[PDB]
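Only one chain is given next, in C-alpha cells, and it is the form deposited in one PDB entry.
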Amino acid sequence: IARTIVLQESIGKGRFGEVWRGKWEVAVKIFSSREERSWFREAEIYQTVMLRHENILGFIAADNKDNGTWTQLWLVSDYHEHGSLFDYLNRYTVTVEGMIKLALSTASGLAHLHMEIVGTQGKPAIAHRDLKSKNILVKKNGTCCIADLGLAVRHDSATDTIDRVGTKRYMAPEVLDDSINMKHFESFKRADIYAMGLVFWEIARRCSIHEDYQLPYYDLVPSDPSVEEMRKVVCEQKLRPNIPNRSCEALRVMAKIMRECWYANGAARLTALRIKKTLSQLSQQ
C-alpha cells in the first residue's frame, strides 16, 4: 500500500497529520510516531464493520512507511478533486438543485453514521463530534461525503455506553457551557445535528442573487474563537447565524431545518433521519 504510493502535492492538514495527493490518485494523511494514538483511533473508526457509505469518505487503508530515518503512520482514502465543502462554497455558488444535493448527501451521511445497523455484521451507532464544512468533501457528482472521524465515539446499545475537543465555532451550546452529559451517547448525536445546521447555513448562502461565503458567526466572533467567546454569543446572548430575508420554497425548507437544529436543548433538535426524509421529499418536488 504505502510502499507503492508516490506523494505529489501537499493539499492540507487535519487536526493532526498532513494531507497529500498521491498516486497509487488517492488522498494520504501522514502522522508522526508521537501522533500514533490519533492515527490509530481514526483508523479504528474507519475500520468499523459496515461503515462504508456513499456519503462517508471511502477508506482504503492504514499503513506504516519507514523511509530509513523515521516511520510515518499513513491513512489512505479516495481522492476528490473539489476537496472540502468549505473550499467548494468559497469558489462557487450553487443552483437550488445543487444545494439540495449537498445538504441531502451530508444528512444522508450523518444519518448513516448515527444509525445502528443490527445484525451479525452490524454497525454500531457513531457520533462525529467535529462536523464542519472543512471536513466534508465534495465529489465530482455534486454530492458530499463526510471525513475526519478521528474524534468519533461509538455506541454499544446493549449497555448504552461509549468506547471538550472539537472546533470551537461549531461547538453545540451544551458543549460550550459544559452542560452536556459525556456519558450520554444520544447527547453527542444531538450535538452533531447542531453543527450540521450551521453547515446547511453555509450552503444556503451560496444558493443563487446570493450571499457571499461566510463561516457561521462570522460577524459575532473573531477568527479562531475561544470557547468563552463562543459561549457568550451562543449561550448568553443566545444568537444564531442570521437568516436572510431573500423567498424560495427550497430555501424556506432549509431555513426551517436550520432553526430546528439550533435549539439550545439537544433533545429538541431534529434527527438526521428526519432531516434526510424532508430533504428527500423536497428533492422529489
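Rigid core (definition): largest C-alpha set, two forms, superposition within 1.5 Å. From 1 onward, residues are counted along the sequence shown.
- Unmodelled stretch separating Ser208 from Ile209: 1 to 3 residues (count of deposited-sequence residues without coordinates).
- The modelled chain is continuous from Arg34 to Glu35, with every intervening residue of the deposited sequence accounted for.
- Per the PDB record, of the two stretches 152 to 160 and 82 to 90, 152 to 160 carries the greater mean B-factor over its C-alpha atoms.
- Relative to one another, 170 to 178 and 67 to 75 have unequal mean CA B-factors, and 170 to 178 is the one with the higher figure.
- Based on the entry's C-alpha B-factors, the most elevated value among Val26, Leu251, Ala61, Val49 belongs to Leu251.
- Reading the B-factor column for the CA atoms of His53, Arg246, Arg41, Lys232 in the entry, the top value corresponds to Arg246.
- The deposited CA B-factor of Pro124 belongs to the middle third of values across its chain.
- When the CA B factors of the chain's modelled residues are split into thirds, the value for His112 lands in the lowest one.
- Among all modelled residues in this chain, the alpha-carbon of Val19 has a temperature factor (C-alpha) in the lowest third.
- Compared with the other modelled residues of the chain, the Cα B-factor recorded for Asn135 ranks in the lowest third.
- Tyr194: CA B factor in the lowest third of modelled residues in this chain (values from the PDB entry).
Omitted from view is the form deposited in another entry, to which the following refers.
- Rigid-core fit between this form and the one not shown: of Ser179, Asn90, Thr95, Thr71, the one residue whose Cα shifts 2 angstroms or more is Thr71.
- Positional change of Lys238 between this form and the one not shown stays under 2 Å at the C-alpha, relative to the superposed core.
- If you fit the rigid core between this form and the one not shown, you'll see the Cα of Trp262 move by less than 2 angstroms.
- Once you line up the core between this form and the one not shown, the Cα of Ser226 stays within less than 2 Å of where it was.
- If you compare C-alpha positions, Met171 and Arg34 are 3 angstroms or more closer together in that other deposited form than in the form on display.
- Note: the CA-CA distance for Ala43 and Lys13 expands in that other deposited form relative to this form, by 3 angstroms or more.
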